[PDB]
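Student: Take this structure, written in structure tokens, and hold onto it; I'll ask about it next.
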Amino acid sequence: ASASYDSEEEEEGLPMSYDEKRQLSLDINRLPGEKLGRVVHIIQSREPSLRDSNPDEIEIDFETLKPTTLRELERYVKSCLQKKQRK
Amino acid sequence: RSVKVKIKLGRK
């Protein structure tokens with residue numbers, strides 16, 4: 001049923017691109033208030049350059065931020081999609 | 001930088 005479910009032509013070896021980084025911008029944008037606060041802390045737990053430095057507002061540096069840290073958000077979102085089922 | 005991924009989660 002996999003073929004009828006989707007196919008997802010997804011590249012794992014894509015070079016640092018703004019579209020690449022920005023794909024994750026749209027994921028964080030879809031996530032609710034509870035999630036944004038949580039994820040931002042997980043992502044920024046890696047980079048010191050994290051949002052900008054200021055922790056009051058949330059502005060994701062990902063244009064200038066590393067693709068390695070980019071993938072952290074990917075992991076999170078993939079987790080959020082399958083763990084949207086709360087208890 | 002160029003195309004901003006600087007989110008600013010528009011919750012409010």
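Residues are named by chain letter and number: chains run A, B, ... in the order of the structure tokens, numbers start at 1 in each chain, and ligands are numbered from 1 in the order shown.
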Select, as an mmCIF file with N, CA, C and O atoms, in the first residue's frame, those residues of chain A with any atom no more than 10 Å from chain B (distances computed using only C-alpha atoms).
Tutor:
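Okay, this is what ended up in part-v9.cif:
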data_model
loop_
_atom_site.group_PDB
_atom_site.id
_atom_site.type_symbol
_atom_site.label_atom_id
_atom_site.label_comp_id
_atom_site.auth_asym_id
_atom_site.auth_seq_id
_atom_site.Cartn_x
_atom_site.Cartn_y
_atom_site.Cartn_z
ATOM 1 N N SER A 17 20.903 25.196 0.864
ATOM 2 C CA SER A 17 20.140 26.066 0.033
ATOM 3 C C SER A 17 19.127 26.773 0.911
ATOM 4 O O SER A 17 18.757 26.264 1.963
ATOM 5 N N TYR A 18 18.672 27.928 0.505
ATOM 6 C CA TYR A 18 17.718 28.651 1.313
ATOM 7 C C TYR A 18 16.377 27.958 1.300
ATOM 8 O O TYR A 18 15.695 27.927 2.299
ATOM 9 N N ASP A 19 16.057 27.325 0.175
ATOM 10 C CA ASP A 19 14.789 26.586 0.025
ATOM 11 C C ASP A 19 14.774 25.367 0.939
ATOM 12 O O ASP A 19 13.739 25.028 1.518
ATOM 13 N N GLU A 20 15.935 24.723 1.065
ATOM 14 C CA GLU A 20 16.163 23.618 1.895
ATOM 15 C C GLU A 20 15.874 23.974 3.351
ATOM 16 O O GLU A 20 15.048 23.350 4.015
ATOM 17 N N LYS A 21 16.512 25.033 3.798
ATOM 18 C CA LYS A 21 16.414 25.496 5.160
ATOM 19 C C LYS A 21 15.038 26.002 5.451
ATOM 20 O O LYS A 21 14.484 25.811 6.540
ATOM 21 N N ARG A 22 14.477 26.611 4.470
ATOM 22 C CA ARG A 22 13.213 27.196 4.574
ATOM 23 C C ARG A 22 12.076 26.199 4.572
ATOM 24 O O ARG A 22 11.027 26.494 5.067
ATOM 25 N N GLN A 23 12.279 25.025 4.001
ATOM 26 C CA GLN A 23 11.253 23.968 4.056
ATOM 27 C C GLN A 23 10.875 23.717 5.527
ATOM 28 O O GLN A 23 9.698 23.562 5.875
ATOM 29 N N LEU A 24 11.875 23.765 6.374
ATOM 30 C CA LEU A 24 11.703 23.581 7.796
ATOM 31 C C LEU A 24 11.017 24.805 8.441
ATOM 32 O O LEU A 24 10.373 24.684 9.488
ATOM 33 N N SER A 25 11.132 25.976 7.788
ATOM 34 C CA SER A 25 10.483 27.208 8.247
ATOM 35 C C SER A 25 8.978 26.975 8.240
ATOM 36 O O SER A 25 8.257 27.371 9.152
ATOM 37 N N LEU A 26 8.516 26.307 7.189
ATOM 38 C CA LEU A 26 7.125 26.018 7.035
ATOM 39 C C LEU A 26 6.644 24.987 8.052
ATOM 40 O O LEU A 26 5.490 25.037 8.469
ATOM 41 N N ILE A 28 7.905 24.564 11.239
ATOM 42 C CA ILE A 28 7.791 25.290 12.508
ATOM 43 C C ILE A 28 6.571 26.231 12.480
ATOM 44 O O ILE A 28 5.854 26.368 13.462
ATOM 45 N N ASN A 29 6.316 26.809 11.322
ATOM 46 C CA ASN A 29 5.166 27.695 11.104
ATOM 47 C C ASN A 29 3.825 26.953 11.312
ATOM 48 O O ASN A 29 2.825 27.554 11.733
ATOM 49 N N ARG A 30 3.813 25.653 11.037
ATOM 50 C CA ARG A 30 2.606 24.838 11.185
ATOM 51 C C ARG A 30 2.389 24.407 12.617
ATOM 52 O O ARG A 30 1.255 24.113 13.017
ATOM 53 N N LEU A 31 3.446 24.380 13.382
ATOM 54 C CA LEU A 31 3.393 23.903 14.737
ATOM 55 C C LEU A 31 2.764 24.930 15.703
ATOM 56 O O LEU A 31 2.919 26.144 15.521
ATOM 57 N N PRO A 32 1.956 24.461 16.678
ATOM 58 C CA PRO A 32 1.287 25.329 17.666
ATOM 59 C C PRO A 32 2.230 25.907 18.732
ATOM 60 O O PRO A 32 3.406 25.511 18.837
ATOM 61 N N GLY A 33 1.674 26.818 19.539
ATOM 62 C CA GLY A 33 2.393 27.529 20.595
ATOM 63 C C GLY A 33 3.200 26.650 21.525
ATOM 64 O O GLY A 33 4.342 26.992 21.880
ATOM 65 N N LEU A 36 6.224 25.176 19.353
ATOM 66 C CA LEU A 36 7.239 26.160 18.935
ATOM 67 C C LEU A 36 8.236 26.419 20.061
ATOM 68 O O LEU A 36 9.441 26.447 19.832
ATOM 69 N N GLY A 37 7.720 26.541 21.279
ATOM 70 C CA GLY A 37 8.559 26.809 22.423
ATOM 71 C C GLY A 37 9.457 25.642 22.752
ATOM 72 O O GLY A 37 10.604 25.813 23.122
ATOM 73 N N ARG A 51 18.898 31.535 17.858
ATOM 74 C CA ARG A 51 17.937 32.277 17.106
ATOM 75 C C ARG A 51 18.561 33.544 16.594
ATOM 76 O O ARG A 51 18.527 33.840 15.429
ATOM 77 N N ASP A 52 19.134 34.279 17.511
ATOM 78 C CA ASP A 52 19.983 35.416 17.228
ATOM 79 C C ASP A 52 20.948 35.483 18.379
ATOM 80 O O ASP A 52 22.154 35.564 18.211
ATOM 81 N N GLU A 57 11.870 36.648 21.814
ATOM 82 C CA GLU A 57 11.115 36.350 20.603
ATOM 83 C C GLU A 57 11.692 35.124 19.950
ATOM 84 O O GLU A 57 12.776 34.704 20.311
ATOM 85 N N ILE A 58 10.968 34.542 19.029
ATOM 86 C CA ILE A 58 11.418 33.357 18.331
ATOM 87 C C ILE A 58 11.681 33.667 16.863
ATOM 88 O O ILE A 58 10.774 33.766 16.096
ATOM 89 N N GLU A 59 12.916 33.842 16.483
ATOM 90 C CA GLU A 59 13.252 33.978 15.098
ATOM 91 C C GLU A 59 14.394 33.102 14.661
ATOM 92 O O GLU A 59 15.556 33.371 14.890
ATOM 93 N N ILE A 60 14.001 32.090 13.965
ATOM 94 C CA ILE A 60 14.834 31.020 13.507
ATOM 95 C C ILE A 60 15.902 31.439 12.465
ATOM 96 O O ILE A 60 15.618 31.685 11.325
ATOM 97 N N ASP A 61 17.122 31.515 12.913
ATOM 98 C CA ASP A 61 18.329 31.914 12.133
ATOM 99 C C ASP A 61 18.694 31.068 10.911
ATOM 100 O O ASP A 61 19.605 31.390 10.180
ATOM 101 N N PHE A 62 17.921 30.031 10.661
ATOM 102 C CA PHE A 62 18.243 28.917 9.751
ATOM 103 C C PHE A 62 18.780 29.303 8.394
ATOM 104 O O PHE A 62 19.487 28.514 7.843
ATOM 105 N N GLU A 63 18.509 30.501 7.895
ATOM 106 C CA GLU A 63 19.154 30.970 6.658
ATOM 107 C C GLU A 63 20.688 30.863 6.817
ATOM 108 O O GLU A 63 21.392 30.267 5.991
ATOM 109 N N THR A 64 21.161 31.431 7.914
ATOM 110 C CA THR A 64 22.563 31.552 8.229
ATOM 111 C C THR A 64 23.016 30.399 9.134
ATOM 112 O O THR A 64 24.212 30.198 9.362
ATOM 113 N N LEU A 65 22.064 29.692 9.694
ATOM 114 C CA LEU A 65 22.368 28.618 10.612
ATOM 115 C C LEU A 65 22.755 27.357 9.835
ATOM 116 O O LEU A 65 22.374 27.188 8.663
#
Student: What's the separation between CA of residue 72 (chain A) and CA of residue 43 (chain A), in Å to one decimal place?
Tutor: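 Straight-line distance from CA of residue 72 (chain A) to CA of residue 43 (chain A) works out to 6.1 Å.
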Student: Report, in Å with one decimal, the straight-line distance from CA of residue 73 (chain A) to CA of residue 2 (chain A).
Tutor: 25.0 Å
Student: In Å, how far is it from CA of residue 81 (chain A) to CA of residue 16 (chain A)?
Tutor: 24.3 Å
Student: Out of A:27, A:55, A:7, A:76, which residue has the shortest atom-to-atom distance to residue 39 (chain A) when counting only C-alpha atoms?
Tutor: A:76
Student: Could you check which of A:77, A:9, A:15, A:54 is closest to residue 42 (chain A), using only C-alpha atoms?
Tutor: A:77
Student: Going by DSSP on the backbone, which bits of region 40-75 of chain A are alpha helix (DSSP H)? Write them as a list in words, please.
Tutor: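 DSSP-assigned alpha helix (DSSP H) residues in region 40-75 of chain A: residues 40, 41, 42, 43, 67, 68, 69, 70, 71, 72, 73, 74 and 75 of chain A.
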